[PDB]
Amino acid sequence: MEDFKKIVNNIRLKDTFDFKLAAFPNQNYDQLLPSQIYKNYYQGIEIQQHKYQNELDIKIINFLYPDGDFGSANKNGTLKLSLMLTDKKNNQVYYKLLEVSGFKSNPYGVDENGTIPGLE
């Protein structure tokens, strides 16, 4: 169908697949702060794999702040997606961290509950 090692280097959000969180079914990426996603994906992630579904399986197993703390992520509207990629031919599982931006952001990194990065 297509060699896996050629399609894995092409996995990109909004292209190959999209995700929707069980906690925010009707909200786009740009209306969600990275911190909101990080604190609510435990409710469930629905993957919409648009391409390569014959050859590959894409799962987001963890959402991580690029630098380890929400303020930094909320400022850049960025997240580090920890992925699990299954090669459907051989059935081997591969892991890959992918950094994506385009999520809601605010200049100081304050979160959805008013918390300020580093204060208190």
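Don't overthink the numbering: it's just position in the shown sequence, from 1.
Higher average CA B factor: 90-98, of the stretches 90-98 and 61-69.
For the pair 111-119 and 1-9, the mean Cα B-factor is higher in 1-9.
Considering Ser82, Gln43, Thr78, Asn54 together, the PDB entry gives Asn54 the largest C-alpha B factor.
The PDB entry assigns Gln49 a C-alpha temperature factor belonging to the middle third of its chain's modelled residues. Remark: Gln31 belongs to the middle third of its chain, ranked by C-alpha B-factor as recorded.
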